[PDB]
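Asker: Just the first chains of my complex for now:
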Amino acid sequence: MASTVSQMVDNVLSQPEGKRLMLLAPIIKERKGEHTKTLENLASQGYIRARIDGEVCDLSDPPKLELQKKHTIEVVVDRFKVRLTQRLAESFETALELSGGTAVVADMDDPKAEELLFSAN
C-alpha cells in the first residue's frame, strides 16, 4: 500500500504482544548466481546476520550459493519484541536504504507464518 515510515512502524507494533519479529532488507530476490559480490559488499557495510534461502546466516562466513540455483538474500537489520518506536523508525529507515525502498518483517518463531511486506515508494 506504499506507507510512510511512521505508518510501517505502526503496522508492526499493531501485532500480537510479545511476538518476536525480525526486520529485513531484501537485497536480491529469486535470482541465479553466486552473489559473492553483494555478500561481500554487505559484510563491508558492517552487517552480521542475513537470511539466505530462508536460513539465517553469519555474513562473516556465508554459505556458498550454487551458481546455477535461484537464491534470495535479505539482511537482518533488527530483532525486536513488540511492546521503543523511535528506534524502530530508524531501523526501518536503514532497511529501506539497503534495499531500494522495501522492507519485510517476519515471525522469528514460526517461519511458515505470513510475512509483512512494506514498500516506501
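Answerer: Cool, got the structure. Numbers count the residues shown, from 1 in each chain, chains lettered A, B, ... in the order given.
Asker: Could you use CA atoms for every contact and neighbour count after this?
Answerer: Noted.
Asker: Quick check: chain neighbours aside, which residue is closest to residue A:76?
Answerer: residue A:24 (4.7 Å; C-alpha to C-alpha, 6 or more residues apart in numbering).
Asker: Around the residue lying closest to residue A:4 once chain neighbours are set aside, count how many other residues there are.
Answerer: Take residue A:4 and drop its neighbours on the chain: the residue closest to it by C-alpha to C-alpha, 6+ apart is residue A:120, 6.3 Å away. Residue A:120 has 17 neighbours, counted by other C-alpha atoms under 10 Å.
Asker: Go ahead and confirm residue A:120 touches residue A:104.
Answerer: No. Residue A:120 is not in contact with residue A:104 according to C-alpha atoms under 8 Å; the separation is 11.3 Å.
Asker: what residues are shared contacts of these two?
Answerer: Common contact partners of residue A:120 and residue A:104 (C-alpha atoms under 8 Å, 6 or more residues apart in numbering): none.
Asker: quick one: the residue nearest to residue A:4 and residue A:6, what's the gap?
Answerer: Here the criterion is C-alpha to C-alpha, to the nearest Å. By it, residue A:120 lies 11 Å from residue A:6.
Asker: same question, residue A:91
Answerer: According to C-alpha to C-alpha, residue A:91 and residue A:6 sit 12 Å apart.
Asker: can you slot in chain B too:
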Amino acid sequence: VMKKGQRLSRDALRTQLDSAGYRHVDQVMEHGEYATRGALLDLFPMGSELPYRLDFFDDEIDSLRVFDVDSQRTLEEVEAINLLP
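Answerer: With chain B now in place:
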C-alpha cells in the same frame, strides 16, 4: 563496563556517549566514535586497542564482537568490554 546478556537502554547510551565526547559517524574508523545500524551499535572506546560491535535484541545485548576497522568485519566474540568515563 558492558557484558553479554546485559539489559539496557539504546537511547540512554547514545546521548551518554555524546556527552562523554564520542562522535556519531556512519562508519567506525578511529578512537571515540560510534555508529548505528539497526540492532547494531559499533563502538571504539577511548584508549581501547580494539573496537566493539554490540548486537541488540530488543533492549538486551545478544553479543559483543570485536571487528576490524578496515574490513568492517566481525572477529571473535567477547563476554565483556569496559568503558572510561
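Asker: How about the residues of chain A by chain B?
Answerer: Residues of chain A lying close to chain B by C-alpha under 8 Å from any C-alpha of the partner chain are A:43-48, A:60, A:77-81, A:87-88, A:90-92, A:94-95.
Asker: How about the contacts made by the spatially most central residue of chain B?
Answerer: The centroid of chain B falls nearest to residue B:43 when counting by C-alpha atoms, centre = their mean (3.0 Å). Contacts for residue B:43 (C-alpha atoms under 8 Å, 6 or more residues apart in numbering or on different chains) come out as B:28, B:32-35, B:51-54.
Asker: would you turn those into TSV with neighbour count?
Answerer: Below are the contacts of residue B:43 laid out as TSV (neighbours: other C-alpha atoms under 10 Å in any protein chain shown):
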residue	neighbour count
B:28	26
B:32	20
B:33	22
B:34	25
B:35	20
B:51	24
B:52	24
B:53	27
B:54	22
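Asker: Include distance to residue A:73 and secondary structure when you put those into TSV, please.
Answerer: What follows is the contacts of residue B:43, written out as TSV (distance: C-alpha to C-alpha, whole Å; DSSP: H, G, I helix; E, B strand; the rest coil):
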residue	distance to residue A:73	secondary structure
B:28	25	coil
B:32	33	coil
B:33	30	strand
B:34	27	strand
B:35	24	strand
B:51	28	coil
B:52	26	strand
B:53	23	strand
B:54	23	strand
